[PDB]
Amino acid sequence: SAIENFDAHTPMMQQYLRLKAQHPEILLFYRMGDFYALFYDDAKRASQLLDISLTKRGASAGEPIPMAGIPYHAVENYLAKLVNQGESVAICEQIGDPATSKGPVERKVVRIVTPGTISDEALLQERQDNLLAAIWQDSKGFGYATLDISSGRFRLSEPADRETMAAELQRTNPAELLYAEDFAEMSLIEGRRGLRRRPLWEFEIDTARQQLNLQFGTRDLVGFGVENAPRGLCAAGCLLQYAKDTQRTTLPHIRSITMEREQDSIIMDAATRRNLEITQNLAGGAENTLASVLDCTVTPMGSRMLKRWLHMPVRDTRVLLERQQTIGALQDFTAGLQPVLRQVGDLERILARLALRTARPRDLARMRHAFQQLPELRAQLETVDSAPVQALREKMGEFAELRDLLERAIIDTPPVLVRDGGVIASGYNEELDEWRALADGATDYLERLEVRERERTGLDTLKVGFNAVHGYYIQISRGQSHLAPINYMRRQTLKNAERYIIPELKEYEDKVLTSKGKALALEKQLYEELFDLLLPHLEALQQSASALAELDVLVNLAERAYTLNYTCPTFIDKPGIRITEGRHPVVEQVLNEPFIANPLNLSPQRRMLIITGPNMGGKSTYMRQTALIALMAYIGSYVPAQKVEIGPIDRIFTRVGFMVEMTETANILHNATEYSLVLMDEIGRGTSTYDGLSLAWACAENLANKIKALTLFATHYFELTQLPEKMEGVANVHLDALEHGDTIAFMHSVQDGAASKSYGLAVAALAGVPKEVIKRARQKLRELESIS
């Protein structure tokens, strides 16, 4: 509680506070000898989070300074505890030599670990992307950018309204979200993880243009298709600024940025994504999703690509025909290709570490093991006549020169780190073999000296050993210690042994340690040199990884189509969906009865189906599976049906029934087009009897007669089956059921026309409502049916 002016502090705390001032809201690991230290509330916080001791560094002038810390070699385990709780940590290191330093040794922050910029294998999940995003809002729209720092994939977009922006955050699921201080729609964003408020000036348009061109080495961003997009460039500017500030090295794997137009994909609202269960079931988990079914990729990078595709269907007809083509060609070849692709591993993330210069020995080894599969894949894919498959074979590369480089440079199975040597192999550098060979009197020399001195002295307890603190020694037991040569100079004393040193053992100590250190310092120069020779080829290597990943997805999708009995869909010119014996791709796996296949005929003249049928009749499944088939068709995949013809689809909307249901419904009515697939599931709620139904009725009318979209409209309201009569483009279908005394069977089959009756009382009876009460409700019911 003293006045903590600059002069009141020790030279050390002056330096620590300037560094902390650059990172005021986040934890600062501050290298001091063998320990990262934290101070003040960082220490206190660290103590709770990491479960380490909160103590004090003593102080002559005033208050003791709260302190905690960890040994430098245990850091990665502590970084993991933090990043999993969404915490950033600024890592500070000693740059200077203490012996040539008057005051405190020079200290820089060299890195900042944040949830969205982590690239180490230990902190990531193999099969999930981990993205950094930036968001900003004008009075008019949103800018959004994402970056996979462990792949270079750098994207820009401009969502026009609240609900697309929501859909975009849902889809990309950023691990860390940078946002502007003036952001108005905080409902999209509060209660997200890795939330990071930024000042407005980081989203300035001129600085982003300048920094992105600098990064890409371009004059303008014309070539990238984003010069057009200031809204998005602003968020991209911030993102890149934050990415540079965390890593504090060059980032040469970020060579490109791509715009994501609304026209290029099918925009699925937030409800659609949740209700289709693409990678997340409605109960939060990852089981019984569409990905649980379709995803038997064999590489991490492949699984991450497949999930991105599921999530972003493409509209380019050419790309889709190329994908389908590939899938049909490789059908026979999946048993041969999968085991081999598996061995390539996560080459994508390894190349990120190569680019960041963080790549460990076992990354280089696994890169080598990937290069070694290329020829078998090249040979396996030659046979396959498919122009798209050959284009991937070509992009996949070979890198025989680099494969040999790593085969000669690094041993078969190196250790986890370079810190303690034993990575570079014999023959690679002859100066190293000479330095290493001097540090191999460890075998012969020391032992011949033991024997020799034991026999010369006659003292049978005499041994030669080493310890790190006192060095090489000759040990005699305490019983015999008094008979040792008077030449033996004393070095270390123990309870029951005395240890000594002689000029010849000292001479050997001095050469083994100065040559072990020189063998390490050359080995680390040589290993950092491996980066120099690999890095020039990084562009080709990244293209290669993406080719293998694509190959893995497409090989998987081919194998899926065979095993799960799927067909190739075709595309038509105008809106419409014709399905023959289609199935819910997920429900038909997780369900131990037969799945009843069902057709669907949707067109511009038959654009709205009023779906009826009893509760648990199959109404929602029918809708979901329609959308899932649409989705699977539009990633390029074969589809769970006897046959599918499908027209263009711009957006998919879903409403699954307070103020929220009506607002959602309004967004649909405002943004759906003749090309949209609209799924309304028992909407329309009011405070009285017909209140809610009248809204649903007017809504349907607007969808049918003014919007002309392709709507599926499940209802409990039998009154809506009068709609086809009155309204062009509308028709009735129902889910079939059979009554037969005290019971009801759900047939799960779509028929044309309205249900003959509604089965609410039958469902009530099934649920256990007393027979006497159902007797009375049927009586009442007939009174009502007699009105008309």
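In this text, residue numbers run from 1 along the sequence as written.
J.: Between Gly657 and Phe658, determine how many residues of the deposited chain lack coordinates; answer none if the chain runs continuously, otherwise 1 to 3, 4 to 9, or 10 or more.
T.: 10 or more residues lack coordinates between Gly657 and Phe658.
J.: Should the higher mean CA B-factor in the entry be assigned to 441-449 or to 455-463?
T.: Stretch with the higher mean C-alpha B-factor: 441-449.
J.: Averaged over C-alpha atoms, is the B-factor higher for 533-541 or for 272-280 in this PDB entry?
T.: Comparing 533-541 with 272-280, the higher mean C-alpha B-factor belongs to 272-280.
J.: Checking the entry, which one of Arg308, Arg111, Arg261, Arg349 has the top C-alpha B factor?
T.: That would be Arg261, according to the entry.
J.: Of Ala519, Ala700, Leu628, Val222, which one's C-alpha B factor is largest in the deposited record?
T.: That would be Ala519, according to the entry.
J.: Which third, lowest, middle or highest, does the CA B-factor of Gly58 fall in along this chain?
T.: Its C-alpha B-factor belongs to the highest third of this chain's values.
J.: Among the chain's modelled residues, which third holds the C-alpha B-factor of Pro64?
T.: Highest third.
J.: By its CA B factor, does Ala145 count among the lowest, middle or highest third of the modelled residues in the chain?
T.: Middle third.
J.: Report the third (lowest, middle or highest) to which the CA temperature factor of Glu382 belongs, ranking only the modelled residues of the same chain.
T.: Tercile = highest for this residue's CA B-factor.
J.: Please place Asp736 in the lowest, middle or highest third of its chain according to the CA B-factor in the PDB entry.
T.: Middle third - that is where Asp736 ends up once the chain's C-alpha B-factors are sorted.
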